[PDB]
$ cat my_file.pdb   # PDB, N, CA and C atoms
MODEL        1
ATOM      1  N   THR A 298      16.064 -12.299  -0.038  1.00  0.00           N
ATOM      2  CA  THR A 298      15.289 -11.305   0.768  1.00  0.00           C
ATOM      3  C   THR A 298      13.820 -11.276   0.331  1.00  0.00           C
ATOM      4  N   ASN A 299      13.140 -12.405   0.476  1.00  0.00           N
ATOM      5  CA  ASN A 299      11.784 -12.584  -0.069  1.00  0.00           C
ATOM      6  C   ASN A 299      10.761 -11.576   0.445  1.00  0.00           C
ATOM      7  N   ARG A 300      10.904 -11.164   1.695  1.00  0.00           N
ATOM      8  CA  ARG A 300       9.973 -10.201   2.312  1.00  0.00           C
ATOM      9  C   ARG A 300       9.870  -8.895   1.512  1.00  0.00           C
ATOM     10  N   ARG A 301      10.970  -8.454   0.913  1.00  0.00           N
ATOM     11  CA  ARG A 301      10.958  -7.211   0.128  1.00  0.00           C
ATOM     12  C   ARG A 301      10.246  -7.408  -1.207  1.00  0.00           C
ATOM     13  N   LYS A 302      10.407  -8.578  -1.816  1.00  0.00           N
ATOM     14  CA  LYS A 302       9.721  -8.880  -3.080  1.00  0.00           C
ATOM     15  C   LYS A 302       8.225  -8.940  -2.843  1.00  0.00           C
ATOM     16  N   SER A 303       7.806  -9.668  -1.820  1.00  0.00           N
ATOM     17  CA  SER A 303       6.385  -9.828  -1.522  1.00  0.00           C
ATOM     18  C   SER A 303       5.663  -8.498  -1.345  1.00  0.00           C
ATOM     19  N   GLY A 304       6.317  -7.544  -0.697  1.00  0.00           N
ATOM     20  CA  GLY A 304       5.701  -6.248  -0.460  1.00  0.00           C
ATOM     21  C   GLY A 304       5.347  -5.496  -1.730  1.00  0.00           C
ATOM     22  N   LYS A 305       6.113  -5.692  -2.799  1.00  0.00           N
ATOM     23  CA  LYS A 305       5.820  -5.006  -4.065  1.00  0.00           C
ATOM     24  C   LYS A 305       4.502  -5.501  -4.634  1.00  0.00           C
ATOM     25  N   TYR A 306       4.350  -6.812  -4.713  1.00  0.00           N
ATOM     26  CA  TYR A 306       3.153  -7.408  -5.296  1.00  0.00           C
ATOM     27  C   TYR A 306       1.939  -7.158  -4.422  1.00  0.00           C
ATOM     28  N   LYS A 307       2.153  -7.103  -3.115  1.00  0.00           N
ATOM     29  CA  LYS A 307       1.074  -6.816  -2.177  1.00  0.00           C
ATOM     30  C   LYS A 307       0.459  -5.437  -2.422  1.00  0.00           C
ATOM     31  N   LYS A 308       1.262  -4.472  -2.864  1.00  0.00           N
ATOM     32  CA  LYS A 308       0.742  -3.146  -3.207  1.00  0.00           C
ATOM     33  C   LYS A 308      -0.174  -3.266  -4.410  1.00  0.00           C
ATOM     34  N   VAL A 309       0.260  -4.029  -5.399  1.00  0.00           N
ATOM     35  CA  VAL A 309      -0.486  -4.174  -6.647  1.00  0.00           C
ATOM     36  C   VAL A 309      -1.828  -4.833  -6.383  1.00  0.00           C
ATOM     37  N   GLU A 310      -1.807  -5.889  -5.590  1.00  0.00           N
ATOM     38  CA  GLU A 310      -3.010  -6.648  -5.258  1.00  0.00           C
ATOM     39  C   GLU A 310      -4.129  -5.750  -4.719  1.00  0.00           C
ATOM     40  N   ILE A 311      -3.760  -4.672  -4.038  1.00  0.00           N
ATOM     41  CA  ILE A 311      -4.745  -3.753  -3.486  1.00  0.00           C
ATOM     42  C   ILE A 311      -5.038  -2.584  -4.436  1.00  0.00           C
ATOM     43  N   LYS A 312      -4.002  -1.955  -4.977  1.00  0.00           N
ATOM     44  CA  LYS A 312      -4.192  -0.744  -5.763  1.00  0.00           C
ATOM     45  C   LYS A 312      -4.618  -0.949  -7.167  1.00  0.00           C
ATOM     46  N   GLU A 313      -4.040  -1.925  -7.818  1.00  0.00           N
ATOM     47  CA  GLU A 313      -4.257  -2.070  -9.235  1.00  0.00           C
ATOM     48  C   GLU A 313      -5.677  -2.585  -9.449  1.00  0.00           C
ATOM     49  N   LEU A 314      -6.141  -3.404  -8.510  1.00  0.00           N
ATOM     50  CA  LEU A 314      -7.544  -3.836  -8.480  1.00  0.00           C
ATOM     51  C   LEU A 314      -8.410  -2.673  -8.002  1.00  0.00           C
ATOM     52  N   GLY A 315      -7.796  -1.784  -7.240  1.00  0.00           N
ATOM     53  CA  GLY A 315      -8.461  -0.593  -6.751  1.00  0.00           C
ATOM     54  C   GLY A 315      -8.865   0.354  -7.863  1.00  0.00           C
ATOM     55  N   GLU A 316      -8.196   0.295  -9.005  1.00  0.00           N
ATOM     56  CA  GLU A 316      -8.563   1.156 -10.128  1.00  0.00           C
ATOM     57  C   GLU A 316      -9.917   0.738 -10.683  1.00  0.00           C
ATOM     58  N   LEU A 317     -10.165  -0.561 -10.717  1.00  0.00           N
ATOM     59  CA  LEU A 317     -11.436  -1.090 -11.217  1.00  0.00           C
ATOM     60  C   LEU A 317     -12.538  -0.685 -10.240  1.00  0.00           C
ATOM     61  N   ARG A 318     -12.163  -0.586  -8.972  1.00  0.00           N
ATOM     62  CA  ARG A 318     -13.085  -0.198  -7.902  1.00  0.00           C
ATOM     63  C   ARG A 318     -13.569   1.255  -8.011  1.00  0.00           C
ATOM     64  N   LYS A 319     -12.860   2.096  -8.757  1.00  0.00           N
ATOM     65  CA  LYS A 319     -13.293   3.493  -8.926  1.00  0.00           C
ATOM     66  C   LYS A 319     -14.652   3.517  -9.619  1.00  0.00           C
ATOM     67  N   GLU A 320     -14.877   2.500 -10.451  1.00  0.00           N
ATOM     68  CA  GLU A 320     -16.141   2.244 -11.162  1.00  0.00           C
ATOM     69  C   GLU A 320     -16.599   3.343 -12.158  1.00  0.00           C
ATOM     70  N   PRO A 321     -17.348   2.956 -13.215  1.00  0.00           N
ATOM     71  CA  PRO A 321     -17.778   1.601 -13.591  1.00  0.00           C
ATOM     72  C   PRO A 321     -16.663   0.729 -14.192  1.00  0.00           C
ATOM     73  N   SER A 322     -15.967   1.230 -15.206  1.00  0.00           N
ATOM     74  CA  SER A 322     -14.866   0.491 -15.829  1.00  0.00           C
ATOM     75  C   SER A 322     -13.556   0.634 -15.060  1.00  0.00           C
ATOM     76  N   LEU A 323     -13.137   1.883 -14.911  1.00  0.00           N
ATOM     77  CA  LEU A 323     -11.852   2.279 -14.335  1.00  0.00           C
ATOM     78  C   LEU A 323     -12.103   3.723 -13.956  1.00  0.00           C
TER      79      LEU A 323
ENDMDL
END

$ encode --input "my_file.pdb" --output "C-alpha cells"
Amino acid sequence: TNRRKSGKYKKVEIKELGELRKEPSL
C-alpha cells in the first residue's frame, strides 16, 4: 500500500522544513 507510506513523508517534506521557515534558526 505504497500510497499510504508516501503521504507520511510528504507531510514531513513540507512541515519539518517549515520549522526552519519560521526563521531565523527555527

$ axis_aligned_box --input "my_file.pdb" --around "region 298-310 of chain A" --padding-each-side "8 Å" --output "JSON"
{"center_x": 6.0, "center_y": -7.9, "center_z": -2.2, "size_x": 36.2, "size_y": 25.4, "size_z": 25.0}

$ select_by_dssp --input "my_file.pdb" --residues "chain A" --states "alpha helix (DSSP H)" --output "number ranges by chain"
A: 299-318

$ atom_distance --input "my_file.pdb" --atom1 "atom N of residue 301 (chain A)" --atom2 "atom C of residue 314 (chain A)"
22.1 Å
